[PDB]
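J.: pasting an experimental structure with its sequence.
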Amino acid sequence: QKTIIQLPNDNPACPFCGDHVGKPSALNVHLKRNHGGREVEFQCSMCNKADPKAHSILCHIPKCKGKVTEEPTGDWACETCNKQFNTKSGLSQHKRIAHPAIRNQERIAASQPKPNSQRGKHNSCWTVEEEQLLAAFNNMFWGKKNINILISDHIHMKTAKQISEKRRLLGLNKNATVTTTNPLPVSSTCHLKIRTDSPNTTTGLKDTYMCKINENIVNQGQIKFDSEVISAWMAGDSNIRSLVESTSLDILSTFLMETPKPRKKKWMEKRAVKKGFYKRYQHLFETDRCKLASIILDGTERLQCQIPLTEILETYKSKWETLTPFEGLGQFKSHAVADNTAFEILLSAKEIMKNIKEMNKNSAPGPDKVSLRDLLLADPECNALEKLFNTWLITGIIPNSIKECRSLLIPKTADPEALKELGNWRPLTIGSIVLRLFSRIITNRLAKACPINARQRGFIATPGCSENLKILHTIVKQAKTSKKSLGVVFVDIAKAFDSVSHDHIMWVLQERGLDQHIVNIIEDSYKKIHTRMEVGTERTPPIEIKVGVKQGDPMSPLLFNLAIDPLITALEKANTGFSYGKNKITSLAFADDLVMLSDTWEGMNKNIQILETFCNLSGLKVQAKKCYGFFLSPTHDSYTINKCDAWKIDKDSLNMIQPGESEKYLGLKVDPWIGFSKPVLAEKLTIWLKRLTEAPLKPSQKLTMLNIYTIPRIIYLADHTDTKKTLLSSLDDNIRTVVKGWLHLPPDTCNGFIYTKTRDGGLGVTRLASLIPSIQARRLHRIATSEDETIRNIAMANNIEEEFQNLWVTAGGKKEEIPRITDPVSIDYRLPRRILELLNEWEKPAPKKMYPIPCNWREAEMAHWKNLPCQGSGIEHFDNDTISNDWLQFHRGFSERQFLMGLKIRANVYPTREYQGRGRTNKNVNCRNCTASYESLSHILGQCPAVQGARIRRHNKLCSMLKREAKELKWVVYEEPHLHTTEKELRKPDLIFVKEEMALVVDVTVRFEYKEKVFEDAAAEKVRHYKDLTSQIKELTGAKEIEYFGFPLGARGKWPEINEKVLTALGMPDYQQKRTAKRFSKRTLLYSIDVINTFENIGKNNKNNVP
DNA sequence: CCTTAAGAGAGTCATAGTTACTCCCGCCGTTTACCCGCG
DNA sequence: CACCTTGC
RNA sequence: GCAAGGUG
DNA sequence: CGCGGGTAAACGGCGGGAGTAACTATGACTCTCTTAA
Ligand SMILES: [Zn+2]
Ligand SMILES: [Zn+2]
């Protein structure tokens, strides 16, 4: 139980031990340190409100106004939680927000108007049968003699006056009539097969290649390829496959180096388990810690089930090889034709090198066991690479030897018992890295060649998920505002990349537009595709892939998108989607996942028939469970959700979303009621912080893991979800408290130290409330200036600009600085324009679009830190210094204890009577030891005597280090040279190292950077008091030249430039100069820590050991 | 061997904006179904 | 240069 | 493992 | 049948308006002061 601590409780007896520790803060200290784990909550006796945060209860203590628990009355208690309310206002508003499902139910119920007493109650007892018979007879009795006869009586219980009344209802002098209509759905995209011959000229690329090779041979161009293979191919050879495979084998053997052999370099006590855990974690931190970060944050490991290889085999054998007869795509047509000129260009080793650069070097090598690193080692020039690549390309016969690839099962689930199934293993297929690179090259060529529909936002340059999500949210809000019904249908097909039959993609490509050369090339690429299933100590014998694009091959994305395009096309051909403005946007698309946006339930039905047809042609399998959907319907005031019937996707009730229900989409939690469900950020954040806290991750390591791995995870959702500043502030507060506890910093520490970057001296901790707004604004602008004019139009009419302005302000950007969202952005190329034209487009880099930023915040915290009187004294020295801050990131050798107190000293908040005095006025501050008014930290430095000997020993120790280095640099030692100046008094300088005839007078000193002129005053004193001298040393050392410079140092470790001038006068190379400055600074800081330690001993440990 | 000084953030409640509608809503105008004598 | 997302 | 995007 | 004028009652169309639970965001204050492998 959370032990009830009904504050005020002065010094209570800690119930976990019943020990009177002290003030409630002292009780905290107790429970936190020794008696943790046990539950405890401070109670606010008056209101009895309880909080695990003492501070908060103290905040009550004045604030709290008694027993504030009484609940206001009323006469509308909202059914579910019976929250009494003043009026219906409060009631159905509680429905609206707190209890919105029943609210939708009420909305719909009242929605059914069924009002109609517009008739005015004039209605009477007429019968429709009598009305129809009267109408027919009057048609028969049109003003023709003996007109009533039947009318008067055959309508029993009526009068001619009543007949006149009814005629006055319909026809006045006569009867009347009515009419009706009916709509229909749309289908039949399953016709008109188009393939007749080669889409592009059979030799269109072949003829170009022949011409280019002729030009090269005549002019000896730089295009690389084996001569004989191309000679035979031009010669119309029959066994070209044989020869091309032979050359392949030879060149690959060149790349199949002898890859370097692995060069990677009672009795029952639980201590072994803890030591192994600590060892594992420390090693992973030393080694790759991405694995460590996953293990910690996810709380997981690596899994390898032992499911009978026989089974696993049967499954995948029957899956990959299993085929389905592709009938065709009927009328399904995609975007448009594809240009072939993009391929006319021949391969350039420059381009291949380029592509190589854009590779995951850290990738497991294929069966060849050859890596991109290995590959480059073989040919860092891509000369032979272009050679054999062109060999194949021009020939068109990819070697079958390289085809063999390795397959991997990914333990999708976490629970072992779930893992037992085969459904928790996404199969990864990895082939020859050479094959991978060639594939990506051709893939880039194709992607340029074949244009996809804009609506597919997957696997392209545009920023995908953000665009889709923002568009969806907008659309929803826009619709609700516009008071117009709308239907939403999520779709998801299984085995997106796996069920695909090679034959159908063959077909698809046939009509797109492509030279038969590349056609056959791709076929061969996907022809004779064997692989083995790597598992533990066994890889299954070969399996011939006949269905499913090779999982891992760079092509698979492009090919899949290509096969899917026809669907998107046909859907737009329906042009029955939501008529946003002019555009009738039908559906969005990302990779495989897609939606459907019609305007009427029946329009959506039409869409579904189209989809069903598509599956029929493709033989694809969609399911209601695999899919979700929901409908919107406007009211007089608000919108109703799902008011209509659930659909019948694949003849199955599409699972509908109801208010409050959320279904994941691109990692989000789309809720029709509120668009995106508010993400559970605090919960995941706290969980992660707990996991980190409770591990062998010595504090510095905790901070490193945090800043470098944890934050991005939360960044993604926080930014992608419109998040308000207050919640971010709360999260930042949580993080600050947690880290401060981690490193046992004093509570009141200034934030600026925490937030400022390590390079600037700070802890480099993110400030979500300051960072997320900038990311959000960047996304906003990025989407605004998109290529899809539709997306633009949408955002524009959705007046995103106001949000952009507001964010830019919120992130801290100035109103004037607000860029005009319409204007273009900076388009860099990482290449001098000259070099840019020098090369070809295929070798051109990717022009990433630089975007504005509202402001820099790290600098903001830095500035505020500077402004601080106490915690911010002398720090400005450390701004934009790449030397002093270094140890923060590479505090090697420092003891964790030393390092932590080093943080404190750097912050000037170390325990000292002044520090204990700081803030709290009424106290004593006199330096215990000497007399200093404030028992400050600087008086220690020099003023405070007791040290004396230690100060001297440290000083001459540093002098000794520099001396030791001196002889190493052939600087003749003439240090500690007792002198006798004009006063014949000992002015022994630190160092007078002589060389040739130059004698280098030096003055080693280390001063705390209290003021700004510290070191320049030092130097002025150096020269000033030294001055004269000259002659005496001139003859003593027999030197013809004498220096007088100094060597001041920052006590904290600040490295002035004067010592640097000494270094350059010494002749040290620049790189060694930086190395020396860094190391020397760390030594300075360490010996300062020693000074501290000593003093702290002096009096404290003196009393402890000697009472 | 060197320096003058000495809150800073944690935290709660108060109050104003503002969302999101929703509620609604009352008042005047329209529509309905008859209601009545005549060529 | 390290991380993160999604989606296979 | 692959394709993109983002972040310091 | 034709053939006019009356009917007066929902509702809906429209001006507006009026309110509001519950977030979101500043403002104004007060309390806080010791544990490294
Ligand atoms: Zn209270
Ligand atoms: Zn002193």
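T.: Yes, it's here. Numbering: from 1, shown residues only, chains lettered A, B, ... in the order given. Ligands and ions are numbered 1, 2, ... in the order given.
J.: every contact and neighbour count from this point should use C-alpha atoms.
T.: Will do.
J.: confirm that residue A:43 sits in a strand.
T.: Yes - counting by DSSP: H, G, I helix; E, B strand; the rest coil, residue A:43 is found in a strand.
J.: identify the residues contacting it.
T.: A:4-7, A:49-51, A:57 (C-alpha atoms under 8 Å, 6 or more residues apart in numbering).
J.: let me have the residues you listed in TSV, extended by secondary structure.
T.: Shown next, in TSV, are the contacts of residue A:43 (three-state DSSP):
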residue	secondary structure
A:4	strand
A:5	strand
A:6	strand
A:7	strand
A:49	strand
A:50	strand
A:51	strand
A:57	helix
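J.: do the strand or helix carrying residue A:436 and RNA strand D meet?
T.: Element membership for residue A:436, per DSSP states H and E: helix A:433-449. Yes - on the criterion C-alpha under 7 Å from any atom of the strand, helix A:433-449 is in touch with RNA strand D at A:436, A:440, A:444.
J.: among these, which one lies nearest to DNA strand B?
T.: Nearest to DNA strand B among the residues of helix A:433-449 next to RNA strand D: residue A:444, at 42.3 Å, using C-alpha to the nearest atom of the strand.
J.: pull the number of nearby residues for the closest one.
T.: 16 (other C-alpha atoms under 10 Å).
J.: distance check, it against residue A:384.
T.: Distance, residue A:444 to residue A:384, by C-alpha to C-alpha, to the nearest Å: 21 Å.
J.: taking the stretch 1001-1107 of chain A, what residue is nearest to ligand 2?
T.: residue A:1095 (9.6 Å; C-alpha to the ion).
J.: need the nearest residue in space to the residue of the stretch 351-500 of chain A found nearest DNA strand E, chain neighbours excluded.
T.: Taking C-alpha to the nearest atom of the strand, DNA strand E has its nearest neighbour within the stretch 351-500 of chain A at residue A:483, 13.0 Å off. Nearest residue to residue A:483, sequence neighbours excluded (C-alpha to C-alpha, 6 or more residues apart in numbering): residue A:634, at 5.0 Å.
J.: phi and psi next, for that neighbour.
T.: phi -80, psi 160 (degrees, to the nearest 10).
J.: quick one: it and residue A:717, what's the gap?
T.: Taken as C-alpha to C-alpha, the span from residue A:634 to residue A:717 is 30 Å.
J.: just residue A:662 next, same as before
T.: Residue A:662 is 15 Å from residue A:717, where distance means C-alpha to C-alpha.
J.: again with residue A:731
T.: Following C-alpha to C-alpha, the distance that separates residue A:731 from residue A:717 is 14 Å.
J.: then residue A:839?
T.: In terms of C-alpha to C-alpha, residue A:839 sits 40 Å off from residue A:717.
J.: the two: which is more packed in?
T.: Set residue A:839 next to residue A:717 and count neighbours by other C-alpha under 10 Å: residue A:717 wins out with 17 against 13.
J.: which parts of the helix or strand hosting the more buried one count as buried, going by neighbours?
T.: Take DSSP H and E as the rule and residue A:717 turns out to sit in helix A:711-720. By neighbour count on 16 or more other C-alpha atoms under 10 Å, the buried set for helix A:711-720 is A:711, A:715, A:717-720.
J.: identify the residues contacting the following helix or strand past it?
T.: Under the assignment DSSP H and E, the closest C-terminal helix or strand after helix A:711-720 is helix A:725-743. Applying C-alpha under 8 Å, 6+ apart, the contact partners of helix A:725-743 are A:682, A:685-686, A:689, A:693, A:699-700, A:702-703, A:746-747, A:754, A:767-769, A:900.
J.: and the residues you listed, which of them are in helices?
T.: The members of the contacts of helix A:725-743 that map onto helices under DSSP state H are A:682, A:685-686, A:689, A:693, A:699-700, A:702-703, A:754, A:768-769, A:900.
J.: filtering those by proximity to DNA strand B, which remain?
T.: Of the ones in helices among the contacts of helix A:725-743, not one also sits near DNA strand B (C-alpha under 7 Å from any atom of the strand).
J.: in TSV: those, plus distance to residue A:989.
T.: What follows is the ones in helices among the contacts of helix A:725-743, written out as TSV (distance: C-alpha to C-alpha, whole Å):
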residue	distance to residue A:989
A:682	61
A:685	58
A:686	58
A:689	54
A:693	52
A:699	43
A:700	41
A:702	46
A:703	44
A:754	41
A:768	53
A:769	54
A:900	35
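J.: which one among the residues you listed gets closest to residue A:344?
T.: residue A:768 (50.1 Å; C-alpha to C-alpha).
J.: how is chain A partitioned into domains?
T.: A:3-63, A:130-169, A:681-732+A:751-858, A:947-1105 (automatic domain parsing).
J.: out of the ones you listed, which comes closest to DNA strand E?
T.: domain A:681-732+A:751-858 (3.5 Å).
J.: what's the end-to-end length of that closest one?
T.: 23 Å.
J.: let's verify residue A:595: helix, strand, or coil?
T.: Residue A:595 is classified as strand under three-state DSSP.
J.: relative to residue A:571, how far out is it?
T.: 11 Å.
J.: neighbour count: these two, which is higher?
T.: Neighbours were tallied for residue A:595 and for residue A:571 using other C-alpha under 10 Å; the higher tally belongs to residue A:571 (22 against 19).
J.: give me the element that one is part of.
T.: Here residue A:571 is assigned to helix A:555-574, by DSSP H and E.
J.: what do you get for residue A:315?
T.: Residue A:315 belongs to helix A:309-320, assigned by DSSP H and E.
J.: residues contacting that helix, please?
T.: Under C-alpha under 8 Å, 6+ apart, the answer for helix A:309-320 is A:422, A:498, A:540, A:543-548.
J.: and if we set it to 6 Å?
T.: Helix A:309-320 is contacted from outside by A:545-547, using C-alpha atoms under 6 Å, 6 or more residues apart in numbering.
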